[PDB]
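Engineer: Structure: structure.cif, mmCIF, C-alpha atoms; chains and numbers go by the auth columns.
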data_run
#
loop_
_atom_site.group_PDB
_atom_site.id
_atom_site.type_symbol
_atom_site.label_atom_id
_atom_site.label_comp_id
_atom_site.label_asym_id
_atom_site.label_seq_id
_atom_site.Cartn_x
_atom_site.Cartn_y
_atom_site.Cartn_z
_atom_site.B_iso_or_equiv
_atom_site.auth_seq_id
_atom_site.auth_asym_id
ATOM 1 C CA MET A 1 68.476 -17.264 4.003 0.00 1 A
ATOM 2 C CA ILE A 2 65.539 -17.477 6.470 0.00 2 A
ATOM 3 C CA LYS A 3 63.227 -14.402 6.335 0.00 3 A
ATOM 4 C CA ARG A 4 63.204 -12.619 9.724 0.00 4 A
ATOM 5 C CA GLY A 5 60.314 -10.399 10.871 0.00 5 A
ATOM 6 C CA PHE A 6 60.490 -6.916 12.460 0.00 6 A
ATOM 7 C CA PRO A 7 60.132 -5.646 16.125 0.00 7 A
ATOM 8 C CA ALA A 8 56.573 -4.328 16.794 0.00 8 A
ATOM 9 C CA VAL A 9 55.879 -0.861 15.335 0.00 9 A
ATOM 10 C CA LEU A 10 53.557 0.023 18.205 0.00 10 A
ATOM 11 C CA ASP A 11 52.177 2.854 20.391 0.00 11 A
ATOM 12 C CA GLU A 12 50.571 2.508 23.906 0.00 12 A
ATOM 13 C CA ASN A 13 47.411 3.792 22.130 0.00 13 A
ATOM 14 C CA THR A 14 46.584 1.321 19.309 0.00 14 A
ATOM 15 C CA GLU A 15 42.999 0.308 18.317 0.00 15 A
ATOM 16 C CA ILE A 16 44.085 -1.790 15.260 0.00 16 A
ATOM 17 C CA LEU A 17 47.159 -4.091 15.315 0.00 17 A
ATOM 18 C CA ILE A 18 47.996 -5.251 11.767 0.00 18 A
ATOM 19 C CA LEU A 19 49.865 -8.585 11.680 0.00 19 A
ATOM 20 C CA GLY A 20 51.409 -9.414 8.287 0.00 20 A
ATOM 21 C CA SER A 21 52.459 -13.006 7.520 0.00 21 A
ATOM 22 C CA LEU A 22 56.226 -13.102 6.846 0.00 22 A
ATOM 23 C CA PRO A 23 58.019 -9.826 5.686 0.00 23 A
ATOM 24 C CA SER A 24 59.502 -9.974 2.134 0.00 24 A
ATOM 25 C CA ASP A 25 63.352 -10.285 2.004 0.00 25 A
ATOM 26 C CA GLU A 26 63.325 -7.011 -0.052 0.00 26 A
ATOM 27 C CA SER A 27 61.722 -5.382 3.061 0.00 27 A
ATOM 28 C CA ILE A 28 64.298 -7.056 5.394 0.00 28 A
ATOM 29 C CA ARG A 29 67.392 -5.736 3.455 0.00 29 A
ATOM 30 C CA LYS A 30 66.166 -2.171 4.212 0.00 30 A
ATOM 31 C CA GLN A 31 64.676 -3.527 7.554 0.00 31 A
ATOM 32 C CA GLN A 32 61.526 -1.535 6.535 0.00 32 A
ATOM 33 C CA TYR A 33 58.106 -2.678 5.059 0.00 33 A
ATOM 34 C CA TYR A 34 58.366 0.398 2.698 0.00 34 A
ATOM 35 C CA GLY A 35 61.782 -1.094 1.576 0.00 35 A
ATOM 36 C CA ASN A 36 59.922 -2.429 -1.469 0.00 36 A
ATOM 37 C CA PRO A 37 57.337 0.321 -2.639 0.00 37 A
ATOM 38 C CA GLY A 38 55.182 -2.532 -4.103 0.00 38 A
ATOM 39 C CA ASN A 39 53.667 -2.757 -0.591 0.00 39 A
ATOM 40 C CA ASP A 40 50.637 -0.567 -1.482 0.00 40 A
ATOM 41 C CA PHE A 41 49.665 -0.756 2.254 0.00 41 A
ATOM 42 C CA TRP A 42 50.604 2.928 2.651 0.00 42 A
ATOM 43 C CA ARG A 43 47.962 4.043 0.071 0.00 43 A
ATOM 44 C CA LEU A 44 45.332 1.466 1.271 0.00 44 A
ATOM 45 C CA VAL A 45 45.578 2.779 4.866 0.00 45 A
ATOM 46 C CA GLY A 46 46.501 6.330 3.648 0.00 46 A
ATOM 47 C CA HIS A 47 43.199 7.017 1.789 0.00 47 A
ATOM 48 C CA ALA A 48 41.264 5.518 4.755 0.00 48 A
ATOM 49 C CA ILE A 49 42.949 7.742 7.442 0.00 49 A
ATOM 50 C CA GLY A 50 42.987 10.734 5.005 0.00 50 A
ATOM 51 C CA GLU A 51 46.779 11.206 5.507 0.00 51 A
ATOM 52 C CA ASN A 52 49.122 10.213 2.619 0.00 52 A
ATOM 53 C CA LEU A 53 51.674 7.794 4.228 0.00 53 A
ATOM 54 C CA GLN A 54 53.346 7.172 0.814 0.00 54 A
ATOM 55 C CA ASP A 55 55.095 10.611 0.395 0.00 55 A
ATOM 56 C CA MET A 56 56.139 10.663 4.126 0.00 56 A
ATOM 57 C CA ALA A 57 59.623 9.328 5.096 0.00 57 A
ATOM 58 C CA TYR A 58 59.475 5.874 6.864 0.00 58 A
ATOM 59 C CA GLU A 59 59.834 7.305 10.419 0.00 59 A
ATOM 60 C CA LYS A 60 57.032 9.908 9.810 0.00 60 A
ATOM 61 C CA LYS A 61 54.498 7.499 8.115 0.00 61 A
ATOM 62 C CA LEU A 62 54.882 5.308 11.270 0.00 62 A
ATOM 63 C CA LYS A 63 54.255 8.446 13.501 0.00 63 A
ATOM 64 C CA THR A 64 51.051 9.045 11.477 0.00 64 A
ATOM 65 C CA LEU A 65 49.979 5.395 12.085 0.00 65 A
ATOM 66 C CA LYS A 66 50.639 5.761 15.897 0.00 66 A
ATOM 67 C CA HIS A 67 48.501 8.965 15.708 0.00 67 A
ATOM 68 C CA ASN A 68 45.653 7.032 13.946 0.00 68 A
ATOM 69 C CA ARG A 69 46.098 4.244 16.598 0.00 69 A
ATOM 70 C CA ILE A 70 47.515 1.677 14.144 0.00 70 A
ATOM 71 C CA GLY A 71 50.400 -0.681 15.018 0.00 71 A
ATOM 72 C CA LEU A 72 52.375 -2.891 12.579 0.00 72 A
ATOM 73 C CA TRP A 73 53.872 -6.356 13.173 0.00 73 A
ATOM 74 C CA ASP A 74 53.879 -9.904 11.635 0.00 74 A
ATOM 75 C CA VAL A 75 52.849 -13.501 12.546 0.00 75 A
ATOM 76 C CA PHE A 76 56.001 -15.417 11.468 0.00 76 A
ATOM 77 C CA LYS A 77 59.080 -14.096 13.364 0.00 77 A
ATOM 78 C CA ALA A 78 61.087 -16.479 11.112 0.00 78 A
ATOM 79 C CA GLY A 79 59.995 -18.438 8.039 0.00 79 A
ATOM 80 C CA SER A 80 61.720 -20.082 5.061 0.00 80 A
ATOM 81 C CA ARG A 81 60.529 -18.414 1.829 0.00 81 A
ATOM 82 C CA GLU A 82 63.311 -19.406 -0.652 0.00 82 A
ATOM 83 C CA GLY A 83 63.814 -20.349 -4.331 0.00 83 A
ATOM 84 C CA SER A 84 62.334 -23.879 -4.479 0.00 84 A
ATOM 85 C CA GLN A 85 59.379 -25.877 -5.975 0.00 85 A
ATOM 86 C CA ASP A 86 56.804 -25.233 -3.215 0.00 86 A
ATOM 87 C CA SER A 87 58.376 -21.980 -1.868 0.00 87 A
ATOM 88 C CA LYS A 88 56.135 -22.387 1.260 0.00 88 A
ATOM 89 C CA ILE A 89 56.913 -20.995 4.766 0.00 89 A
ATOM 90 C CA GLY A 90 58.558 -24.072 6.361 0.00 90 A
ATOM 91 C CA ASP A 91 60.123 -22.564 9.536 0.00 91 A
ATOM 92 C CA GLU A 92 57.514 -22.254 12.328 0.00 92 A
ATOM 93 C CA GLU A 93 58.976 -19.391 14.445 0.00 93 A
ATOM 94 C CA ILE A 94 55.853 -17.374 15.419 0.00 94 A
ATOM 95 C CA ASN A 95 55.329 -14.282 17.631 0.00 95 A
ATOM 96 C CA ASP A 96 53.625 -14.535 21.075 0.00 96 A
ATOM 97 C CA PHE A 97 50.064 -13.125 21.015 0.00 97 A
ATOM 98 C CA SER A 98 49.087 -14.114 24.606 0.00 98 A
ATOM 99 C CA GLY A 99 50.721 -10.754 25.524 0.00 99 A
ATOM 100 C CA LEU A 100 48.448 -8.725 23.105 0.00 100 A
ATOM 101 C CA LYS A 101 46.200 -7.812 26.095 0.00 101 A
ATOM 102 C CA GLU A 102 49.239 -6.117 27.775 0.00 102 A
ATOM 103 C CA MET A 103 50.942 -4.434 24.719 0.00 103 A
ATOM 104 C CA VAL A 104 47.563 -3.374 23.174 0.00 104 A
ATOM 105 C CA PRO A 105 44.569 -2.957 25.650 0.00 105 A
ATOM 106 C CA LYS A 106 42.912 -0.496 23.130 0.00 106 A
ATOM 107 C CA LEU A 107 43.041 -3.319 20.529 0.00 107 A
ATOM 108 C CA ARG A 108 39.601 -4.067 19.062 0.00 108 A
ATOM 109 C CA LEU A 109 40.484 -5.397 15.560 0.00 109 A
ATOM 110 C CA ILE A 110 43.498 -7.544 14.539 0.00 110 A
ATOM 111 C CA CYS A 111 44.071 -7.120 10.768 0.00 111 A
ATOM 112 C CA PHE A 112 45.898 -10.090 9.163 0.00 112 A
ATOM 113 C CA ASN A 113 47.656 -8.993 5.928 0.00 113 A
ATOM 114 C CA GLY A 114 47.726 -12.030 3.578 0.00 114 A
ATOM 115 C CA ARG A 115 46.311 -15.595 3.727 0.00 115 A
ATOM 116 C CA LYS A 116 49.359 -17.024 5.661 0.00 116 A
ATOM 117 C CA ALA A 117 48.643 -14.471 8.460 0.00 117 A
ATOM 118 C CA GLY A 118 44.861 -15.054 8.310 0.00 118 A
ATOM 119 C CA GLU A 119 45.326 -18.834 8.828 0.00 119 A
ATOM 120 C CA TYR A 120 46.194 -17.864 12.470 0.00 120 A
ATOM 121 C CA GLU A 121 42.946 -15.828 12.787 0.00 121 A
ATOM 122 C CA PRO A 122 41.048 -18.581 14.927 0.00 122 A
ATOM 123 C CA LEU A 123 44.050 -18.459 17.349 0.00 123 A
ATOM 124 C CA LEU A 124 43.533 -14.712 18.166 0.00 124 A
ATOM 125 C CA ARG A 125 39.701 -14.972 18.180 0.00 125 A
ATOM 126 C CA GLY A 126 40.388 -16.644 21.572 0.00 126 A
ATOM 127 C CA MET A 127 42.017 -13.380 22.894 0.00 127 A
ATOM 128 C CA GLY A 128 38.556 -11.634 22.966 0.00 128 A
ATOM 129 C CA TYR A 129 39.653 -9.388 20.060 0.00 129 A
ATOM 130 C CA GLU A 130 37.767 -9.061 16.720 0.00 130 A
ATOM 131 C CA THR A 131 39.836 -10.357 13.782 0.00 131 A
ATOM 132 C CA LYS A 132 39.818 -9.368 10.064 0.00 132 A
ATOM 133 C CA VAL A 133 41.738 -11.265 7.330 0.00 133 A
ATOM 134 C CA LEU A 134 42.784 -8.472 4.943 0.00 134 A
ATOM 135 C CA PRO A 135 44.439 -9.550 1.595 0.00 135 A
ATOM 136 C CA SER A 136 48.211 -8.983 1.063 0.00 136 A
ATOM 137 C CA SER A 137 49.006 -5.298 0.369 0.00 137 A
ATOM 138 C CA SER A 138 51.893 -6.394 -1.938 0.00 138 A
ATOM 139 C CA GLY A 139 51.995 -5.606 -5.702 0.00 139 A
ATOM 140 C CA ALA A 140 51.251 -9.292 -6.446 0.00 140 A
ATOM 141 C CA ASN A 141 47.659 -8.865 -5.099 0.00 141 A
ATOM 142 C CA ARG A 142 47.374 -5.074 -5.944 0.00 142 A
ATOM 143 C CA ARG A 143 47.244 -5.745 -9.751 0.00 143 A
ATOM 144 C CA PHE A 144 43.954 -7.735 -9.224 0.00 144 A
ATOM 145 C CA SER A 145 42.355 -6.304 -6.021 0.00 145 A
ATOM 146 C CA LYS A 146 41.273 -2.750 -7.055 0.00 146 A
ATOM 147 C CA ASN A 147 37.756 -2.465 -5.489 0.00 147 A
ATOM 148 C CA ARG A 148 38.824 -4.705 -2.534 0.00 148 A
ATOM 149 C CA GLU A 149 40.676 -1.697 -0.921 0.00 149 A
ATOM 150 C CA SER A 150 37.147 -0.339 -0.084 0.00 150 A
ATOM 151 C CA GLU A 151 36.987 -2.794 2.907 0.00 151 A
ATOM 152 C CA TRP A 152 40.345 -1.308 4.096 0.00 152 A
ATOM 153 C CA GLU A 153 38.667 2.118 4.036 0.00 153 A
ATOM 154 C CA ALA A 154 35.762 0.693 6.119 0.00 154 A
ATOM 155 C CA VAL A 155 38.377 -0.404 8.744 0.00 155 A
ATOM 156 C CA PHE A 156 40.586 2.747 9.231 0.00 156 A
ATOM 157 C CA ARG A 157 37.870 5.483 8.763 0.00 157 A
ATOM 158 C CA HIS A 158 36.514 4.563 12.275 0.00 158 A
ATOM 159 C CA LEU A 159 39.836 5.705 13.920 0.00 159 A
ATOM 160 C CA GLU A 160 38.480 9.283 14.149 0.00 160 A
ATOM 161 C CA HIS A 161 34.724 8.459 14.336 0.00 161 A
#
Can the structure in the file be given as structure tokens, please?
Structural biologist:
Amino acid sequence: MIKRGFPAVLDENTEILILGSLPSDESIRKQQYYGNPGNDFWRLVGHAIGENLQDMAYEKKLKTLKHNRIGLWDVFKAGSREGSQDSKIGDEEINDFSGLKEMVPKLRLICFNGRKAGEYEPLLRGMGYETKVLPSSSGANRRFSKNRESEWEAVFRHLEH
């Protein structure tokens, strides 16, 4: 099957909009990023905002993000990530970001989770918004990127002062 993204997890007050690349099918079966707990995102952001997202139920950890002025979304609305040789995102169905100025006027930093997301960084540098290519929060990168989560802390600590 084609991997389908999620509707924007957004508040009218959002300083940082985090665009992943293409949500994992394990996420999509639950229809939740937390659907696979290997997304360490909740600890990476959680230590930075000082509020443990991990132990909160999915609805509440999102409420906490809206509180800290964080929104969640993706780049690829639909992409083919299937069992093949290359296993590359073929399908080119991508979200509109010309509307970012309407949906997020408080937006200052667009955090791209994973390389595939961060390839579309120079696109959103045209929207007058600062852009940061964060690495993938998934377990695949987690096992290697231990001290790299310190840059995540530098991002979300500002959300108070």
Engineer: As an exercise, work out the distance from CA of residue 94 in chain A to CA of residue 139 in chain A in Å and give it to one decimal place.
Structural biologist: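 Interatomic distance, CA of residue 94 in chain A to CA of residue 139 in chain A: 24.5 Å.
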Engineer: Would you compute the distance between CA of residue 121 in chain A and CA of residue 95 in chain A? Give it in Å to one decimal.
Structural biologist: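 Computing it gives 13.4 Å between the two atoms.
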Engineer: The PyMOL selection byres ((chain A and resi 42) around 9) on the file shown: which residues, as an MDAnalysis selection string?
Structural biologist: chainID A and resid 34 37 39:41 43:47 52:54 61 137
Engineer: Can you spit out the residues from that selection as a JSON list (two decimals), in the frame of the given file, using C-alpha atoms?
Structural biologist:
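part.json written:
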[["chain", "number", "residue", "atom", "x", "y", "z"],
["A", 34, "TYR", "CA", 58.37, 0.40, 2.70],
["A", 37, "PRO", "CA", 57.34, 0.32, -2.64],
["A", 39, "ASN", "CA", 53.67, -2.76, -0.59],
["A", 40, "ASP", "CA", 50.64, -0.57, -1.48],
["A", 41, "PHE", "CA", 49.66, -0.76, 2.25],
["A", 43, "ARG", "CA", 47.96, 4.04, 0.07],
["A", 44, "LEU", "CA", 45.33, 1.47, 1.27],
["A", 45, "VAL", "CA", 45.58, 2.78, 4.87],
["A", 46, "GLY", "CA", 46.50, 6.33, 3.65],
["A", 47, "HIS", "CA", 43.20, 7.02, 1.79],
["A", 52, "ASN", "CA", 49.12, 10.21, 2.62],
["A", 53, "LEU", "CA", 51.67, 7.79, 4.23],
["A", 54, "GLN", "CA", 53.35, 7.17, 0.81],
["A", 61, "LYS", "CA", 54.50, 7.50, 8.12],
["A", 137, "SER", "CA", 49.01, -5.30, 0.37]]
Engineer: Please determine, counting only C-alpha atoms, which residue among A:109, A:117, A:49, A:103 has the shortest atom-to-atom distance to residue 156 in chain A.
Structural biologist: A:49
Engineer: Given the point (48.4, -6.4, 19.8) in the coordinates of this file, which residues lie within 8 Å, counting all atoms listed in the file, and how would they look as a ChimeraX atom specification?
Structural biologist: /A:14,16-17,71,97,99-101,103-105,107,110
